[PDB]
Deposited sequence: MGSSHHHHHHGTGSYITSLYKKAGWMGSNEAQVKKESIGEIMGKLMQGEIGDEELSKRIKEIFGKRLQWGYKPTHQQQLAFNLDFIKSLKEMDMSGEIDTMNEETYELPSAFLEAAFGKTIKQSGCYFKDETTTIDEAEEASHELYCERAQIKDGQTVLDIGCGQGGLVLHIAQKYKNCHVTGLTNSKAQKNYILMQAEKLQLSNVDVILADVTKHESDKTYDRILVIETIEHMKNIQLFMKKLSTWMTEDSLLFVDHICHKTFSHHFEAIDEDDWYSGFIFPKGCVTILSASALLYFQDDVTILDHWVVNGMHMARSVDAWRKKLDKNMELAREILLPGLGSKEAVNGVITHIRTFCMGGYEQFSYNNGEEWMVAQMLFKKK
């Protein structure tokens, strides 16, 4: 069976969930085979080669659709589920609280959220800590607009948003706290990224990074072989990197580690499951919302298939071996 053939049936909704999940799990299984080495000697050689290679490098969905698919604050990162019955809205809030705890946020601090998305964390910190000034930075005008509208509705006076490609942003401004929640995976050059972040810190600042990871090895999110129809469908341009849980420890030229955690992958699995189920529940509404801006029922079905498959695939990835393969890494740093 060719890619063309599988992609044919997928787009037509002719692959049932059972088969789809099975096919994607197999693809992730091959990545694990690729990544695990027989000895720690070989594992470190593999991992350091990856790390060295990084050092050589360098239409938007309507907000109504996003609201029908994601949780209340449209968080687009792994959330944290205390209970079986925890809702996605509760899991968003719990995840925001965990970041505030681990990044040691205190009232009165200046806070920068890099790649802030729809601004759930910016709005959380602004509401919880009235004397903080909170700045989100995003490369999306639509996201900036959404955040400023929400801050207005919430009567928040302590929020601003920088519209910038972070890789190009130049400023003399420093911040007490810099937060990077699942943004670093999108970064082309990571030695240069951490260096830039360090110039926006003082000796009193902390930097908190959260990134999807594998516990043992790093990889680009790209086709494992010629049979892999999934990876390139999800990221057809690519430029998503899955660092190992310890990869950023090798990027301490300009910052120094203070603490290090991981969150088991079942939290991410439950996040993507909640998105998939909500999209499914709101399927008719979603198709209605998208149609104006996409111009045909076929183009709508395509966008929806892509998002739904991303959630179905993410479920297999992060739930693999009960959350003990792909998971979320978190690190706290100070400036050199």
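Engineer: Missing CA coverage against the deposited sequence, listed in sequence order.
Structural biologist: Model skips 1 to 35, 94 to 105 of the deposited chain.
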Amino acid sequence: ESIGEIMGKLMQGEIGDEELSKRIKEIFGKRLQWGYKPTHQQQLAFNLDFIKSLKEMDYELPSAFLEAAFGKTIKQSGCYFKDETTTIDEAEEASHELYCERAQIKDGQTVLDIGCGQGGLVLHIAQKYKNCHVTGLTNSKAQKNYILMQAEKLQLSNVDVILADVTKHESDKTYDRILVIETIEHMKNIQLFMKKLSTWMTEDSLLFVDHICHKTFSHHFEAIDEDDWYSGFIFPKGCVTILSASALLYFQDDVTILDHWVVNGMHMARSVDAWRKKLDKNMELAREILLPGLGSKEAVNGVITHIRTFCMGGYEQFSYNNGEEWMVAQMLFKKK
From here on, numbers count along this sequence of modelled residues.
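Engineer: Which has higher Cα B-factors on average according to the PDB entry: 181 to 189 or 129 to 137?
Structural biologist: Taking the mean B-factor of the alpha carbons in each, 181 to 189 is higher.
Engineer: Compare the mean C-alpha B-factor of 35 to 43 with that of 276 to 284 as given in the PDB entry, and name the stretch with the higher value.
Structural biologist: 276 to 284 has the higher mean C-alpha B-factor.
Engineer: In terms of recorded Cα temperature factor, pick the maximum from 48, 69, 300, 269.
Structural biologist: Top of the list by C-alpha B-factor: 300.
Engineer: Name the one of 112, 159, 239, 98 with the greatest CA B-factor according to the PDB entry.
Structural biologist: Highest CA B-factor of the listed options: 239.
Engineer: Select lowest, middle or highest to describe the third in which the CA B-factor of residue 85 falls within its chain in this entry.
Structural biologist: Tercile = highest for this residue's CA B-factor.
Engineer: State the tercile, meaning the lowest, middle or highest third, of residue 19 with respect to the CA B-factors recorded for its chain.
Structural biologist: Answer is highest: the recorded C-alpha B-factor places it there.
Engineer: Ordered by C-alpha B-factor within the chain, which third holds residue 168? Give me lowest, middle or highest, please.
Structural biologist: Highest third.
Engineer: Comparing residue 265 with the other modelled residues of its chain, is its CA B-factor in the lowest, middle or highest third?
Structural biologist: Residue 265: CA B-factor falls in the lowest third of its chain.
Engineer: Using the temperature factors of the C-alpha atoms in this entry, rank residue 243 within its chain: lowest, middle or highest third.
Structural biologist: Residue 243: CA B-factor falls in the lowest third of its chain.
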